[PDB]
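This report concerns only the one structure given below.
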Amino acid sequence: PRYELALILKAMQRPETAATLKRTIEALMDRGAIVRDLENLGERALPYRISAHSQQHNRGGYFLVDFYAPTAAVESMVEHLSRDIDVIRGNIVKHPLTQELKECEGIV
Amino acid sequence: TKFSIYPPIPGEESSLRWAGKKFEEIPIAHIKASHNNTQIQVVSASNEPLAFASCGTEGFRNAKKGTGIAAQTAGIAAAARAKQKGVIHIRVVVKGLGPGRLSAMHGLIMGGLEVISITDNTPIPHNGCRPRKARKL
Amino acid sequence: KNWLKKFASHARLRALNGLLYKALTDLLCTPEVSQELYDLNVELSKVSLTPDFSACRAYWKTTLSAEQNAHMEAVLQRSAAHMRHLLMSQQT
Amino acid sequence: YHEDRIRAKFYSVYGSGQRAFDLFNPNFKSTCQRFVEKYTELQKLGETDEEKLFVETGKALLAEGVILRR
Amino acid sequence: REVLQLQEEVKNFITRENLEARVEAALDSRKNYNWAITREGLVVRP
Amino acid sequence: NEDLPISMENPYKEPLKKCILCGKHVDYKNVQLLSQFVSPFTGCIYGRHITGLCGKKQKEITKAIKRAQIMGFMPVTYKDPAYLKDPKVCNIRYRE
Amino acid sequence: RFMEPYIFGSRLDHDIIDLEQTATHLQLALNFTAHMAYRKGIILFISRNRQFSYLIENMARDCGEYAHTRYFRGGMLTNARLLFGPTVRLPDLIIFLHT
Amino acid sequence: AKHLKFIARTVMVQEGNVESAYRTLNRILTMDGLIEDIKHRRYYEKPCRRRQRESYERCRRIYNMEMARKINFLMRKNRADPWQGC
RNA sequence: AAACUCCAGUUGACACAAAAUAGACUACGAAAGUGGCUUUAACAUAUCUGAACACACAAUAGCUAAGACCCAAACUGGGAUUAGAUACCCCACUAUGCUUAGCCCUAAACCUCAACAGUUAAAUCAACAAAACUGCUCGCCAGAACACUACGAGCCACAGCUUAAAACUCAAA
Ligand code: FES
Ligand SMILES: [K+]
Ligand SMILES: [Mg+2]
Ligand SMILES: [Mg+2]
Ligand SMILES: [Mg+2]
Ligand SMILES: [Mg+2]
Ligand SMILES: [Mg+2]
Ligand SMILES: [Mg+2]
Ligand SMILES: [Mg+2]
Ligand SMILES: [Mg+2]
């Protein structure tokens, strides 16, 4: 199905961030994914302190990877996101656009 | 300019200064208002303990520790010991709903320190540990 | 349980008195009962339980003004039931 | 009644008339009632499409000299 | 219609050939998903 | 008789009332919108008696807030100060 | 419920009484009242609507009949012998302007 | 713990009026339900008792609102008597 | 009062535990149950009824092995208490509450309403509960106690669970 990967990456310089993004997308494709878009939300202070890979982060870069993958890939991809050391927090959700916007007549 | 009840944020610059220092540099008075005792510790913005005073350290014993007067005395003692270290303005961080919740702040004010903000930090679990059973008195 | 129908229709004693005195003072320290009552700053002297545990008499200190005393009296009798419910809900 | 539909549109389009109702008079005519009579006459002397009838009725009433603020 | 729309959309997908270009373009870009709602039900974009 | 009443649905029927978010998509990434329904001082989610939302949209907002909080997009213990000056849609007053 | 057969319809949640039926019912009632009056029967108007007590009492005085527009005490009709006297004559017709 | 400090449950003192700031903080904590949570979390409330208490509170609120609505609706009638004497 | 003083406060790191607010919502599931987030599977039947025993499930408690252990806590110790103390208050700490694989098969397991279909006209209707009924089917009941008992039979249970009488006795229940 269509999935959205929300990625909170370590606050690094441009070359390291580009390399990490390439590595993530390469893993996605290696697991059978067709990537639609790579979207940058910016570098920002985290809502709270996140301790990942024996390092504490207060800031991070937010990215959105939209893709289509088989149902079996998701779990595998999660494992990869657990091993990457430059990812503060990676989470795969069903893409919000796929959910149907059911219409409403108002409050009964 | 309209007074803001919300505290200043470290990121966004603000014109509020207290004796030339910014909000995040003011000393912090941590009050723990337990049911039988109250403990006041003044620390610097960089977490340097300047003064400490609890109701047990000011001579009050057993049930006399958990009263308003004892917490006021502890606050006065902490305020004096912190005034001797160059503290005037403080940010109060209270924890717990004991009888000395407000008496400690009376004592701190009566000892000469000026309170610029009050913060509550009482531990509220989102259902972690199980509390004890209700007393069958 | 048809709530519409329902609404339509000694050493021990000293310890209980002390416990209830502390609990009632703690309840009055906040707006938990009501903001209006919180504004008046009612102070309690003692709590006395009847020998048969049929009623709890809370003795509140009066002020010198008479209109203030009357207002305090009115709000206290209007809020007593809410205090009882809060005390029983907190499992004091 | 049929005219009720027209009335609804009027009370949603031009709103309640500034003129006050007089329910004591057995033959009172509100602005909405004049609108309804003109609408029915236009329907009977022309084609049947609701929107053109509405706009034409408005035009005819403004021609007669009735104020209608949208 | 859906199949044709997918056909047109596939031309912009990321591939192994254009991974560098798209990654750098994303790094040179920012998107905002935040917007507010008023009491009258009107969207207020930033 | 031509003057008798005829059967039809109520033409004066007022359209059903709609909440401020009816017809709009609630995203867990739209922290600005979600922050309009949490307490500024504690971050607690406001109930429907305060927000005025319908049950469906109240549930959407709740799930989105929890998702954003656990995925590292929204703070839990307070409302983000960046959104404190946003329009107020909640019927609550702390008299501050 | 028992008023349903006499209701023409509900106009925007307000019930409308069918006047074609009211005309016949009123014809029968007025004929009965006139025939009872011709026979020299006692007619007692009754109403507890305080807005019209004065008017109904005036009407009863004017037509030479009787009115009871006040609090209806227990036993006026079923206990009239004890309450008025052993030889009291009860009304032959009672008219309710408000039931 | 992991959150920024002096943002949650924080009130600024105006003109040194510490009492008003403390009382406003108390009002905030009470209306956000934090005070009730703290008082209820001292001892464990069994699930059945919690369910019964919540049901009772909900139905009490509903009944009180209905009774208040009835009284307000019938209060319009309470005025001077227009047909006094009759 | 005992207890701790390898104690207490701020700060930082840090669960095999349970899941504030939302929820003033009343949803999902056959019931029991289910209220932290993401993803994968996934919620039978195009007539109805149809079992103590057939086939699959059943809160909490309890029992086997292994494991985890913050907090709570049957028991077990200690502290304080009248005149036979507080069983009830305080401190410490077990089985247990948790996970994995098996058992045990009981609840005020209740909406104390058997499943489907239909009706609101009647006299509405012993009472109360929860407005009164009809059609059809399965299950069950025929005074009280003896008796959630004895015996027989069956069961991973070995006192347990299911089914379940008789003699004597009474004019009541
Ligand atoms: S009223 Fe339509 S979505 Fe809330
Ligand atoms: K029940
Ligand atoms: Mg079947
Ligand atoms: Mg059988
Ligand atoms: Mg079981
Ligand atoms: Mg067990
Ligand atoms: Mg243990
Ligand atoms: Mg247990
Ligand atoms: Mg059956
Ligand atoms: Mg047996």
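Identifiers in this document derive from the order of the structure tokens: chains are assigned A, B, ..., residues are numbered from 1 separately in each chain, and ligands are numbered from 1 in order of occurrence.
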
Practice prompt. Around ligand 6, at most 12 Å away and counting only C-alpha atoms (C1' of nucleotides) and all ligand atoms, which residues are there? Put them as a list in words, please.
Written response: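 Sorted by chain and then by number, the residues are residues 59, 60, 61, 62, 63, 95, 96, 97, 98, 99, 103 and 104 of chain I.
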
Let's have the selection written as a PDB file, in the first residue's frame, with N, CA and C atoms (P, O5', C5', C4', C3', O3' and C1' of nucleotides).
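Saved as again.pdb:
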ATOM      1  P     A I  59     -11.434 -16.074  31.916  1.00  0.00           P
ATOM      2  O5'   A I  59     -11.419 -14.686  32.695  1.00  0.00           O
ATOM      3  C5'   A I  59     -11.538 -13.454  31.999  1.00  0.00           C
ATOM      4  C4'   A I  59     -11.959 -12.338  32.920  1.00  0.00           C
ATOM      5  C3'   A I  59     -11.172 -12.214  34.214  1.00  0.00           C
ATOM      6  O3'   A I  59      -9.938 -11.539  34.047  1.00  0.00           O
ATOM      7  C1'   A I  59     -13.485 -12.091  34.684  1.00  0.00           C
ATOM      8  P     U I  60      -8.575 -12.197  34.587  1.00  0.00           P
ATOM      9  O5'   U I  60      -8.733 -12.153  36.169  1.00  0.00           O
ATOM     10  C5'   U I  60      -8.978 -10.928  36.842  1.00  0.00           C
ATOM     11  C4'   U I  60      -9.479 -11.162  38.243  1.00  0.00           C
ATOM     12  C3'   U I  60      -8.675 -12.144  39.079  1.00  0.00           C
ATOM     13  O3'   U I  60      -7.494 -11.588  39.628  1.00  0.00           O
ATOM     14  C1'   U I  60     -10.962 -12.658  39.275  1.00  0.00           C
ATOM     15  P     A I  61      -6.158 -12.476  39.718  1.00  0.00           P
ATOM     16  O5'   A I  61      -6.534 -13.626  40.753  1.00  0.00           O
ATOM     17  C5'   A I  61      -6.916 -13.294  42.077  1.00  0.00           C
ATOM     18  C4'   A I  61      -7.517 -14.462  42.820  1.00  0.00           C
ATOM     19  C3'   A I  61      -6.651 -15.698  42.981  1.00  0.00           C
ATOM     20  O3'   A I  61      -5.670 -15.562  43.993  1.00  0.00           O
ATOM     21  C1'   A I  61      -8.833 -16.342  42.360  1.00  0.00           C
ATOM     22  P     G I  62      -4.189 -16.138  43.763  1.00  0.00           P
ATOM     23  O5'   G I  62      -4.413 -17.701  43.553  1.00  0.00           O
ATOM     24  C5'   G I  62      -4.984 -18.493  44.583  1.00  0.00           C
ATOM     25  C4'   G I  62      -5.139 -19.934  44.164  1.00  0.00           C
ATOM     26  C3'   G I  62      -3.927 -20.587  43.525  1.00  0.00           C
ATOM     27  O3'   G I  62      -2.931 -20.963  44.459  1.00  0.00           O
ATOM     28  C1'   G I  62      -5.849 -21.128  42.277  1.00  0.00           C
ATOM     29  P     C I  63      -1.386 -21.004  44.014  1.00  0.00           P
ATOM     30  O5'   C I  63      -1.273 -22.347  43.170  1.00  0.00           O
ATOM     31  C5'   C I  63      -1.646 -23.594  43.734  1.00  0.00           C
ATOM     32  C4'   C I  63      -1.495 -24.714  42.739  1.00  0.00           C
ATOM     33  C3'   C I  63      -0.142 -24.806  42.053  1.00  0.00           C
ATOM     34  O3'   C I  63       0.820 -25.471  42.850  1.00  0.00           O
ATOM     35  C1'   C I  63      -1.871 -25.004  40.444  1.00  0.00           C
ATOM     36  P     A I  95       7.023 -14.006  45.949  1.00  0.00           P
ATOM     37  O5'   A I  95       5.737 -14.939  45.878  1.00  0.00           O
ATOM     38  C5'   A I  95       5.822 -16.313  46.225  1.00  0.00           C
ATOM     39  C4'   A I  95       4.458 -16.900  46.484  1.00  0.00           C
ATOM     40  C3'   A I  95       3.418 -16.653  45.401  1.00  0.00           C
ATOM     41  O3'   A I  95       3.515 -17.575  44.329  1.00  0.00           O
ATOM     42  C1'   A I  95       2.493 -16.152  47.519  1.00  0.00           C
ATOM     43  P     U I  96       3.592 -17.053  42.813  1.00  0.00           P
ATOM     44  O5'   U I  96       2.330 -16.095  42.672  1.00  0.00           O
ATOM     45  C5'   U I  96       1.011 -16.595  42.841  1.00  0.00           C
ATOM     46  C4'   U I  96       0.011 -15.474  42.961  1.00  0.00           C
ATOM     47  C3'   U I  96       0.041 -14.443  41.844  1.00  0.00           C
ATOM     48  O3'   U I  96      -0.667 -14.858  40.690  1.00  0.00           O
ATOM     49  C1'   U I  96       0.026 -13.336  43.928  1.00  0.00           C
ATOM     50  P     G I  97      -0.152 -14.441  39.228  1.00  0.00           P
ATOM     51  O5'   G I  97      -0.576 -12.912  39.100  1.00  0.00           O
ATOM     52  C5'   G I  97      -1.935 -12.525  39.227  1.00  0.00           C
ATOM     53  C4'   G I  97      -2.088 -11.027  39.265  1.00  0.00           C
ATOM     54  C3'   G I  97      -1.413 -10.252  38.146  1.00  0.00           C
ATOM     55  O3'   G I  97      -2.173 -10.243  36.952  1.00  0.00           O
ATOM     56  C1'   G I  97      -0.972  -9.207  40.227  1.00  0.00           C
ATOM     57  P     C I  98      -1.685 -11.084  35.675  1.00  0.00           P
ATOM     58  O5'   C I  98      -0.282 -10.433  35.298  1.00  0.00           O
ATOM     59  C5'   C I  98      -0.191  -9.094  34.835  1.00  0.00           C
ATOM     60  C4'   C I  98       1.152  -8.830  34.202  1.00  0.00           C
ATOM     61  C3'   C I  98       1.612  -9.869  33.191  1.00  0.00           C
ATOM     62  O3'   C I  98       1.052  -9.663  31.904  1.00  0.00           O
ATOM     63  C1'   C I  98       3.368  -9.418  34.708  1.00  0.00           C
ATOM     64  P     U I  99       0.619 -10.914  30.994  1.00  0.00           P
ATOM     65  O5'   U I  99       1.996 -11.449  30.404  1.00  0.00           O
ATOM     66  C5'   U I  99       2.805 -10.623  29.581  1.00  0.00           C
ATOM     67  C4'   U I  99       4.091 -11.312  29.201  1.00  0.00           C
ATOM     68  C3'   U I  99       3.949 -12.721  28.651  1.00  0.00           C
ATOM     69  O3'   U I  99       3.589 -12.739  27.280  1.00  0.00           O
ATOM     70  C1'   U I  99       5.679 -12.667  30.263  1.00  0.00           C
ATOM     71  P     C I 103      -4.010 -28.041  28.079  1.00  0.00           P
ATOM     72  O5'   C I 103      -4.279 -28.646  29.526  1.00  0.00           O
ATOM     73  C5'   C I 103      -5.224 -28.063  30.409  1.00  0.00           C
ATOM     74  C4'   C I 103      -4.811 -28.254  31.844  1.00  0.00           C
ATOM     75  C3'   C I 103      -5.907 -28.045  32.876  1.00  0.00           C
ATOM     76  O3'   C I 103      -6.715 -29.196  33.044  1.00  0.00           O
ATOM     77  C1'   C I 103      -3.959 -26.867  33.532  1.00  0.00           C
ATOM     78  P     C I 104      -8.300 -29.129  32.800  1.00  0.00           P
ATOM     79  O5'   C I 104      -8.864 -28.484  34.140  1.00  0.00           O
ATOM     80  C5'   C I 104      -8.506 -29.007  35.411  1.00  0.00           C
ATOM     81  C4'   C I 104      -8.664 -27.965  36.488  1.00  0.00           C
ATOM     82  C3'   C I 104     -10.003 -27.242  36.510  1.00  0.00           C
ATOM     83  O3'   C I 104     -11.003 -27.964  37.206  1.00  0.00           O
ATOM     84  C1'   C I 104      -8.245 -25.661  36.620  1.00  0.00           C
TER      85        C I 104
END

Discussion item. With 10 Å as the limit and counting only C-alpha atoms, what residues in chain C lie close to chain B? Please list them as a list in words.
Written reply: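 That gives residues 12, 15, 16, 19, 22, 25, 26, 29, 30, 90, 91 and 92 of chain C for chain C.
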
Practice prompt. For residue 28 (chain E), work out the shell of residues within 12 Å, counting only C-alpha atoms (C1' of nucleotides) and skipping chain neighbours fewer than 2 positions away, then give it as a VMD selection string.
Written response: (chain A and resid 14 17 to 18 38 to 42) or (chain E and resid 21 to 26 30 to 31)

Proximity check region 8-95 of chain I to region 56-72 of chain F, 9 Å, nearest pairs one decimal Å, only C-alpha atoms (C1' of nucleotides), as a tab-separated table:
residue	atom	partner	partner_atom	distance
I:22	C1'	F:62	CA	5.8
I:25	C1'	F:59	CA	8.8
I:36	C1'	F:66	CA	8.3
I:37	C1'	F:70	CA	6.0
I:38	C1'	F:67	CA	8.8

Could you take the residues named above and write them with C-alpha atoms (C1' of nucleotides), as a PDB file, in the first residue's frame?
ATOM      1  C1'   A I  22      -9.547  12.928  25.344  1.00  0.00           C
ATOM      2  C1'   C I  25     -17.879   9.833  24.373  1.00  0.00           C
ATOM      3  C1'   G I  36      -0.771   4.489  25.220  1.00  0.00           C
ATOM      4  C1'   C I  37       1.352   4.707  19.480  1.00  0.00           C
ATOM      5  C1'   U I  38       2.655   2.320  14.523  1.00  0.00           C
TER       6        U I  38
END

Practice prompt. Do a neighbour search on residue 40 (chain H) at 12 Å with only C-alpha atoms (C1' of nucleotides), toss out local chain neighbours closer than 3 positions, and write the hits as a ChimeraX atom specification.
Written response: /B:124-125,127,131-134 /C:86-92 /H:33-37,43-46,50,53 /I:20

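The residue that comes closest to ligand 5, out of I:113, I:30, I:2, I:105 and on the basis of only C-alpha atoms (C1' of nucleotides) and all ligand atoms, is I:105.
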
Worksheet item: What separation in Å, quoted to one decimal, exists between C1' of residue 141 (chain I) and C1' of residue 114 (chain I)?
Response: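 These two atoms are separated by 14.6 Å.
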
Item to complete: Take CA of residue 42 (chain D) and CA of residue 30 (chain D) and report the distance between them in Å, one decimal.
Response: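 Computed distance, CA of residue 42 (chain D) to CA of residue 30 (chain D), equals 18.4 Å.
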
Practice prompt. Grab the CA of residue 83 (chain G) to CA of residue 46 (chain G) distance for me, in Å with one decimal place.
Written response: 18.4 Å

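Distance check against chain F using only C-alpha atoms: of H:70, H:79, H:2, H:9, the minimum falls on H:9.
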
Discussion item. Only residues of chain B matter here; which ones have an atom within 12 Å of chain I, counting only C-alpha atoms (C1' of nucleotides)? Give them as JSON, numbers by chain.
Written reply: {"B": [27, 28, 29, 30, 31, 32, 33, 37, 38, 39, 40, 41, 42, 43, 44, 45, 46, 47, 48, 49, 50, 51, 52, 53, 54, 56, 57, 62, 93, 95, 123, 124, 125, 126, 127, 128, 129, 130, 131, 132, 133, 134, 135, 136, 137]}

So which residues touch residue 9 (chain E) within 10 Å, counting only C-alpha atoms (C1' of nucleotides), skipping near sequence neighbours fewer than 5 positions away, as an mmCIF file with N, CA, C and O atoms, in the first residue's frame?
data_model
loop_
_atom_site.group_PDB
_atom_site.id
_atom_site.type_symbol
_atom_site.label_atom_id
_atom_site.label_comp_id
_atom_site.auth_asym_id
_atom_site.auth_seq_id
_atom_site.Cartn_x
_atom_site.Cartn_y
_atom_site.Cartn_z
ATOM 1 N N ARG A 36 7.687 8.015 -4.058
ATOM 2 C CA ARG A 36 6.949 9.053 -4.766
ATOM 3 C C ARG A 36 7.601 10.423 -4.615
ATOM 4 O O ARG A 36 7.778 11.141 -5.604
ATOM 5 N N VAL E 3 -6.152 5.309 -13.825
ATOM 6 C CA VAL E 3 -4.949 4.740 -14.430
ATOM 7 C C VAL E 3 -4.163 5.817 -15.170
ATOM 8 O O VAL E 3 -2.931 5.876 -15.087
ATOM 9 N N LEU E 4 -4.859 6.682 -15.911
ATOM 10 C CA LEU E 4 -4.178 7.760 -16.622
ATOM 11 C C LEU E 4 -3.511 8.726 -15.650
ATOM 12 O O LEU E 4 -2.385 9.187 -15.890
#

Which residues come within 9 Å of region 11-18 of chain H, counting only C-alpha atoms (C1' of nucleotides), excluding same-chain residues fewer than 6 positions away, as an mmCIF file with C-alpha atoms, in the first residue's frame?
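The resulting out.cif:
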data_model
loop_
_atom_site.group_PDB
_atom_site.id
_atom_site.type_symbol
_atom_site.label_atom_id
_atom_site.label_comp_id
_atom_site.auth_asym_id
_atom_site.auth_seq_id
_atom_site.Cartn_x
_atom_site.Cartn_y
_atom_site.Cartn_z
ATOM 1 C CA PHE B 3 1.453 42.000 30.605
ATOM 2 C CA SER B 4 2.019 38.378 29.585
ATOM 3 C CA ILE B 5 1.035 35.746 32.136
ATOM 4 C CA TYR B 6 2.986 33.157 30.131
ATOM 5 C CA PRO B 7 6.705 32.869 30.943
ATOM 6 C CA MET B 105 6.511 31.200 49.703
ATOM 7 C CA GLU B 114 11.228 38.593 45.193
ATOM 8 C CA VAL B 115 9.170 35.952 43.380
ATOM 9 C CA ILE B 116 8.892 36.579 39.631
ATOM 10 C CA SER B 117 7.114 33.352 38.627
ATOM 11 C CA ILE B 118 5.376 30.386 40.250
ATOM 12 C CA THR B 119 5.632 26.922 38.697
ATOM 13 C CA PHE F 41 -0.538 25.336 30.809
ATOM 14 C CA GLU F 96 -5.223 35.081 33.422
ATOM 15 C CA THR H 24 -4.603 31.902 39.359
ATOM 16 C CA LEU H 25 -2.300 28.877 39.228
#

Worksheet entry | Contact set, chain G to chain H: 8 Å, only C-alpha atoms, as a list in words | residues 50, 51, 53, 54 and 70 of chain G

Discussion item. Could you list, as a PyMOL selection string, all residues that come within 12 Å of ligand 9? Count only C-alpha atoms (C1' of nucleotides) and all ligand atoms.
Written reply: chain I and resi 49-51+114-116+137-140

Discussion item. I need the residues of chain E that end up classed as strand (DSSP E or B) by DSSP on the backbone, written out as number ranges by chain.
Written reply: E: 36-37, 43-44

Discussion item. List as a list in words the protein and nucleic acid residues near residue 7 (chain F), meaning an atom at most 12 Å away when only C-alpha atoms (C1' of nucleotides) are counted, but skip any in the same chain fewer than 6 places from it.
Written reply: residues 1, 2 and 4 of chain D; 9 of chain G

Residues just named, written with N, CA and C atoms as a tab-separated table (two decimals), in the first residue's frame:
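Written output follows (result12.tsv):
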chain	number	residue	atom	x	y	z
D	1	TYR	N	-48.03	24.07	1.30
D	1	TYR	CA	-48.53	24.55	0.02
D	1	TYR	C	-47.35	24.74	-0.92
D	2	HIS	N	-47.65	24.86	-2.22
D	2	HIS	CA	-46.58	25.09	-3.19
D	2	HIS	C	-45.81	26.36	-2.86
D	4	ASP	N	-45.12	27.82	-0.29
D	4	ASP	CA	-44.19	27.72	0.83
D	4	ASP	C	-42.76	27.60	0.34
G	9	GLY	N	-54.87	19.70	10.69
G	9	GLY	CA	-53.47	19.43	10.44
G	9	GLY	C	-52.60	20.21	11.40
